[PDB]
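Undergrad: Below is start-v4.pdb; it holds PDB, C-alpha atoms.
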```
ATOM      1  CA  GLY X 256      55.073  -1.908   1.625  1.00  0.00           C
ATOM      2  CA  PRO X 257      56.175   0.716  -0.895  1.00  0.00           C
ATOM      3  CA  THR X 258      54.473   4.106  -1.343  1.00  0.00           C
ATOM      4  CA  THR X 259      50.761   3.373  -1.890  1.00  0.00           C
ATOM      5  CA  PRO X 260      48.330   5.901  -3.363  1.00  0.00           C
ATOM      6  CA  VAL X 261      45.016   6.666  -1.612  1.00  0.00           C
ATOM      7  CA  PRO X 262      41.583   6.066  -3.120  1.00  0.00           C
ATOM      8  CA  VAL X 263      39.366   9.129  -3.693  1.00  0.00           C
ATOM      9  CA  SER X 264      36.240   7.710  -5.369  1.00  0.00           C
ATOM     10  CA  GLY X 265      34.935   4.261  -4.373  1.00  0.00           C
ATOM     11  CA  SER X 266      35.822   1.447  -1.945  1.00  0.00           C
ATOM     12  CA  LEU X 267      37.474  -1.971  -2.296  1.00  0.00           C
ATOM     13  CA  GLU X 268      37.752  -4.921   0.118  1.00  0.00           C
ATOM     14  CA  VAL X 269      39.800  -7.928  -1.050  1.00  0.00           C
ATOM     15  CA  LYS X 270      40.081 -11.347   0.622  1.00  0.00           C
ATOM     16  CA  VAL X 271      42.277 -14.353  -0.241  1.00  0.00           C
ATOM     17  CA  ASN X 272      42.216 -18.091   0.527  1.00  0.00           C
ATOM     18  CA  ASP X 273      45.101 -20.291  -0.691  1.00  0.00           C
ATOM     19  CA  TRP X 274      44.794 -24.092  -0.875  1.00  0.00           C
ATOM     20  CA  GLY X 275      48.191 -24.758  -2.480  1.00  0.00           C
ATOM     21  CA  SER X 276      46.953 -25.874  -5.913  1.00  0.00           C
ATOM     22  CA  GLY X 277      45.571 -22.320  -6.246  1.00  0.00           C
ATOM     23  CA  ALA X 278      44.736 -19.091  -4.381  1.00  0.00           C
ATOM     24  CA  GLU X 279      41.449 -17.145  -4.122  1.00  0.00           C
ATOM     25  CA  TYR X 280      41.320 -13.337  -4.364  1.00  0.00           C
ATOM     26  CA  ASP X 281      37.912 -11.732  -3.716  1.00  0.00           C
ATOM     27  CA  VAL X 282      37.483  -8.060  -4.626  1.00  0.00           C
ATOM     28  CA  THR X 283      34.385  -6.299  -3.235  1.00  0.00           C
ATOM     29  CA  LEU X 284      34.070  -2.825  -4.778  1.00  0.00           C
ATOM     30  CA  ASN X 285      31.783  -0.049  -3.483  1.00  0.00           C
ATOM     31  CA  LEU X 286      30.907   2.936  -5.692  1.00  0.00           C
ATOM     32  CA  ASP X 287      28.380   5.761  -5.317  1.00  0.00           C
ATOM     33  CA  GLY X 288      26.967   5.110  -8.807  1.00  0.00           C
ATOM     34  CA  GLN X 289      27.867   3.396 -12.101  1.00  0.00           C
ATOM     35  CA  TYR X 290      31.662   3.702 -12.489  1.00  0.00           C
ATOM     36  CA  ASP X 291      33.914   1.485 -14.641  1.00  0.00           C
ATOM     37  CA  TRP X 292      36.178  -0.082 -11.984  1.00  0.00           C
ATOM     38  CA  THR X 293      39.048  -2.134 -13.460  1.00  0.00           C
ATOM     39  CA  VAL X 294      41.055  -4.117 -10.877  1.00  0.00           C
ATOM     40  CA  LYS X 295      44.534  -5.090 -12.121  1.00  0.00           C
ATOM     41  CA  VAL X 296      46.258  -7.979 -10.312  1.00  0.00           C
ATOM     42  CA  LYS X 297      49.872  -8.916 -11.097  1.00  0.00           C
ATOM     43  CA  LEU X 298      50.368 -12.696 -10.796  1.00  0.00           C
ATOM     44  CA  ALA X 299      53.239 -14.461  -9.016  1.00  0.00           C
ATOM     45  CA  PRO X 300      56.312 -15.662 -10.911  1.00  0.00           C
ATOM     46  CA  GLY X 301      54.396 -18.311 -12.880  1.00  0.00           C
ATOM     47  CA  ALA X 302      50.898 -17.661 -11.484  1.00  0.00           C
ATOM     48  CA  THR X 303      47.737 -17.231 -13.590  1.00  0.00           C
ATOM     49  CA  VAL X 304      44.032 -16.610 -12.910  1.00  0.00           C
ATOM     50  CA  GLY X 305      41.941 -19.769 -13.394  1.00  0.00           C
ATOM     51  CA  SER X 306      38.521 -19.053 -11.841  1.00  0.00           C
ATOM     52  CA  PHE X 307      36.832 -15.642 -11.463  1.00  0.00           C
ATOM     53  CA  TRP X 308      33.282 -14.195 -11.316  1.00  0.00           C
ATOM     54  CA  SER X 309      31.246 -10.952 -11.136  1.00  0.00           C
ATOM     55  CA  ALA X 310      33.908  -9.304 -13.315  1.00  0.00           C
ATOM     56  CA  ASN X 311      35.584  -9.781 -16.713  1.00  0.00           C
ATOM     57  CA  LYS X 312      39.062 -11.242 -16.223  1.00  0.00           C
ATOM     58  CA  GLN X 313      41.919 -10.203 -18.509  1.00  0.00           C
ATOM     59  CA  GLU X 314      45.536 -11.398 -18.824  1.00  0.00           C
ATOM     60  CA  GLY X 315      48.421  -8.905 -19.125  1.00  0.00           C
ATOM     61  CA  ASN X 316      51.031 -11.691 -19.385  1.00  0.00           C
ATOM     62  CA  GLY X 317      51.738 -12.499 -15.712  1.00  0.00           C
ATOM     63  CA  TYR X 318      48.781 -10.415 -14.459  1.00  0.00           C
ATOM     64  CA  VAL X 319      45.000 -10.067 -14.941  1.00  0.00           C
ATOM     65  CA  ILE X 320      42.269  -7.397 -14.958  1.00  0.00           C
ATOM     66  CA  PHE X 321      38.711  -7.405 -13.539  1.00  0.00           C
ATOM     67  CA  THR X 322      35.916  -5.110 -14.779  1.00  0.00           C
ATOM     68  CA  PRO X 323      32.175  -4.758 -14.140  1.00  0.00           C
ATOM     69  CA  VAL X 324      30.309  -7.463 -16.089  1.00  0.00           C
ATOM     70  CA  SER X 325      26.716  -6.633 -17.159  1.00  0.00           C
ATOM     71  CA  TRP X 326      25.318  -6.021 -13.644  1.00  0.00           C
ATOM     72  CA  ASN X 327      28.441  -5.398 -11.524  1.00  0.00           C
ATOM     73  CA  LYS X 328      29.004  -1.750 -12.542  1.00  0.00           C
ATOM     74  CA  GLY X 329      26.402  -0.046 -10.321  1.00  0.00           C
ATOM     75  CA  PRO X 330      27.416   1.591  -7.037  1.00  0.00           C
ATOM     76  CA  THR X 331      28.728  -1.799  -5.843  1.00  0.00           C
ATOM     77  CA  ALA X 332      30.407  -4.748  -7.608  1.00  0.00           C
ATOM     78  CA  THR X 333      32.025  -7.740  -5.863  1.00  0.00           C
ATOM     79  CA  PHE X 334      34.062 -10.180  -7.985  1.00  0.00           C
ATOM     80  CA  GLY X 335      36.871 -12.671  -7.354  1.00  0.00           C
ATOM     81  CA  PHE X 336      39.652 -14.572  -9.123  1.00  0.00           C
ATOM     82  CA  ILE X 337      41.710 -17.686  -8.349  1.00  0.00           C
ATOM     83  CA  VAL X 338      45.337 -17.928  -9.532  1.00  0.00           C
ATOM     84  CA  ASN X 339      47.389 -21.127  -9.899  1.00  0.00           C
ATOM     85  CA  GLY X 340      51.148 -21.449  -9.284  1.00  0.00           C
ATOM     86  CA  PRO X 341      53.427 -21.822  -6.248  1.00  0.00           C
ATOM     87  CA  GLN X 342      52.004 -22.462  -2.746  1.00  0.00           C
ATOM     88  CA  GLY X 343      51.395 -19.450  -0.471  1.00  0.00           C
ATOM     89  CA  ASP X 344      51.413 -16.302  -2.626  1.00  0.00           C
ATOM     90  CA  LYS X 345      50.588 -16.437  -6.349  1.00  0.00           C
ATOM     91  CA  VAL X 346      49.817 -12.786  -7.119  1.00  0.00           C
ATOM     92  CA  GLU X 347      52.450 -10.023  -7.201  1.00  0.00           C
ATOM     93  CA  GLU X 348      49.836  -7.457  -6.100  1.00  0.00           C
ATOM     94  CA  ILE X 349      46.219  -6.306  -6.574  1.00  0.00           C
ATOM     95  CA  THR X 350      45.677  -2.651  -7.562  1.00  0.00           C
ATOM     96  CA  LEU X 351      42.330  -0.927  -8.223  1.00  0.00           C
ATOM     97  CA  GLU X 352      42.006   1.382 -11.252  1.00  0.00           C
ATOM     98  CA  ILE X 353      38.634   2.733 -12.417  1.00  0.00           C
ATOM     99  CA  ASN X 354      38.860   3.796 -16.079  1.00  0.00           C
ATOM    100  CA  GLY X 355      42.182   5.401 -15.072  1.00  0.00           C
ATOM    101  CA  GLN X 356      41.313   6.271 -11.447  1.00  0.00           C
ATOM    102  CA  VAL X 357      43.504   4.304  -9.003  1.00  0.00           C
ATOM    103  CA  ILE X 358      41.640   3.275  -5.825  1.00  0.00           C
TER     104      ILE X 358
END
```
Go ahead and render the structure in this file as structure tokens.
TA:
Amino acid sequence: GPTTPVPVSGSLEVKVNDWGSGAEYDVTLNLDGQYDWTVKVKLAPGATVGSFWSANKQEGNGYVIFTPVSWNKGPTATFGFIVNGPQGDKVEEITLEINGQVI
């Protein structure tokens, strides 16, 4: 992988399960308090988020963003999103950015 920055305020564990028609992308975040954690996820060449939860999903044209809903902003917030496109990989990459802080 290319040069990746290191997190310095929070934790994040992502999981993924692809079934062809779509792919799952869990994102468990761990914070020591109430921080606005926005997870940006670039989608594959023609991929788009279809199902997500525990976080507000956004769409940056080919990507998507996840933020703490009304109860997922405390010191821990786990959310997930499912993209739809080609079979195998449907998300360019998943980066974590809390109100500007990359984690």
Undergrad: Scan for residues within 10 Å of the point (53.4, -6.4, -5.5) in the coordinates of the file, using all atoms listed in the file, and reply as a count of residues only.
TA: 11
Undergrad: Name the closest residue to residue 302 in chain X among the candidates X:336, X:326, X:290, X:321; distances are taken between atoms, counting only C-alpha atoms.
TA: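 Of X:336, X:326, X:290, X:321, the one nearest residue 302 in chain X is X:336, counting only C-alpha atoms.
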Undergrad: Could you give me, as a PyMOL selection string, the residues that have an atom at most 6 Å away from the point (48.5, -15.1, -13.1) in the coordinates of the file, using all atoms listed in the file?
TA: chain X and resi 298+302-304+317-318+338
Undergrad: Counting all atoms listed in the file, which residue out of X:288, X:341, X:335, X:305 sits closest to residue 269 in chain X?
TA: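 Looking at the shortest contact to residue 269 in chain X, the residue is X:335.
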Undergrad: Expanded to explicit residues, what is the PyMOL selection byres ((chain X and resi 261) around 12) for this file, as a ChimeraX atom specification?
TA: /X:258-260,262-267,350-352,356-358
Undergrad: With C-alpha atoms retained, could you export that selection as a PDB file, keeping the file's coordinate frame?
TA:
```pdb
ATOM      1  CA  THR X 258      54.473   4.106  -1.343  1.00  0.00           C
ATOM      2  CA  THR X 259      50.761   3.373  -1.890  1.00  0.00           C
ATOM      3  CA  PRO X 260      48.330   5.901  -3.363  1.00  0.00           C
ATOM      4  CA  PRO X 262      41.583   6.066  -3.120  1.00  0.00           C
ATOM      5  CA  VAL X 263      39.366   9.129  -3.693  1.00  0.00           C
ATOM      6  CA  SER X 264      36.240   7.710  -5.369  1.00  0.00           C
ATOM      7  CA  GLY X 265      34.935   4.261  -4.373  1.00  0.00           C
ATOM      8  CA  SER X 266      35.822   1.447  -1.945  1.00  0.00           C
ATOM      9  CA  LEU X 267      37.474  -1.971  -2.296  1.00  0.00           C
ATOM     10  CA  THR X 350      45.677  -2.651  -7.562  1.00  0.00           C
ATOM     11  CA  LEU X 351      42.330  -0.927  -8.223  1.00  0.00           C
ATOM     12  CA  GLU X 352      42.006   1.382 -11.252  1.00  0.00           C
ATOM     13  CA  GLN X 356      41.313   6.271 -11.447  1.00  0.00           C
ATOM     14  CA  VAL X 357      43.504   4.304  -9.003  1.00  0.00           C
ATOM     15  CA  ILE X 358      41.640   3.275  -5.825  1.00  0.00           C
TER      16      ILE X 358
END
```
Undergrad: Nearest to residue 322 in chain X: which of X:273, X:308, X:294, X:337 is it, counting only C-alpha atoms?
TA: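 Of X:273, X:308, X:294, X:337, the one nearest residue 322 in chain X, counting only C-alpha atoms, is X:294.
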Undergrad: Between CA of residue 293 in chain X and CA of residue 316 in chain X, what is the distance, to one decimal in Å?
TA: 16.4 Å
Undergrad: Go through X:284, X:295, X:270, X:289 and flag the residue nearest residue 313 in chain X, using only C-alpha atoms for the distances.
TA: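 Closest to residue 313 in chain X of all the choices is X:295.
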Undergrad: Quick one: pull the distance between CA of residue 353 in chain X and CA of residue 301 in chain X, Å, one decimal.
TA: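 Between these atoms lies a distance of 26.3 Å.
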Undergrad: One number please: CA of residue 271 in chain X to CA of residue 354 in chain X, in Å, one decimal.
TA: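 Separation between CA of residue 271 in chain X and CA of residue 354 in chain X: 24.3 Å.
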Undergrad: Please determine an axis-aligned box that encloses all atoms of range 283-292 of chain X listed in the file, with 5 Å added on each side, and express its centre and edge lengths in Å to one decimal as JSON.
TA:
```
{"center_x": 31.6, "center_y": -0.3, "center_z": -8.9, "size_x": 19.2, "size_y": 22.1, "size_z": 21.4}
```
Undergrad: Determine the residue membership of the PyMOL selection byres ((chain X and resi 328) around 10) for the file above and supply it as a PDB file with C-alpha atoms, in the frame of the given file.
TA:
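Once everything was written out, this is out33.pdb:
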```
ATOM      1  CA  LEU X 284      34.070  -2.825  -4.778  1.00  0.00           C
ATOM      2  CA  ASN X 285      31.783  -0.049  -3.483  1.00  0.00           C
ATOM      3  CA  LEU X 286      30.907   2.936  -5.692  1.00  0.00           C
ATOM      4  CA  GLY X 288      26.967   5.110  -8.807  1.00  0.00           C
ATOM      5  CA  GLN X 289      27.867   3.396 -12.101  1.00  0.00           C
ATOM      6  CA  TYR X 290      31.662   3.702 -12.489  1.00  0.00           C
ATOM      7  CA  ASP X 291      33.914   1.485 -14.641  1.00  0.00           C
ATOM      8  CA  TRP X 292      36.178  -0.082 -11.984  1.00  0.00           C
ATOM      9  CA  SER X 309      31.246 -10.952 -11.136  1.00  0.00           C
ATOM     10  CA  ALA X 310      33.908  -9.304 -13.315  1.00  0.00           C
ATOM     11  CA  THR X 322      35.916  -5.110 -14.779  1.00  0.00           C
ATOM     12  CA  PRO X 323      32.175  -4.758 -14.140  1.00  0.00           C
ATOM     13  CA  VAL X 324      30.309  -7.463 -16.089  1.00  0.00           C
ATOM     14  CA  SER X 325      26.716  -6.633 -17.159  1.00  0.00           C
ATOM     15  CA  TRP X 326      25.318  -6.021 -13.644  1.00  0.00           C
ATOM     16  CA  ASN X 327      28.441  -5.398 -11.524  1.00  0.00           C
ATOM     17  CA  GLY X 329      26.402  -0.046 -10.321  1.00  0.00           C
ATOM     18  CA  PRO X 330      27.416   1.591  -7.037  1.00  0.00           C
ATOM     19  CA  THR X 331      28.728  -1.799  -5.843  1.00  0.00           C
ATOM     20  CA  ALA X 332      30.407  -4.748  -7.608  1.00  0.00           C
ATOM     21  CA  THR X 333      32.025  -7.740  -5.863  1.00  0.00           C
TER      22      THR X 333
END
```
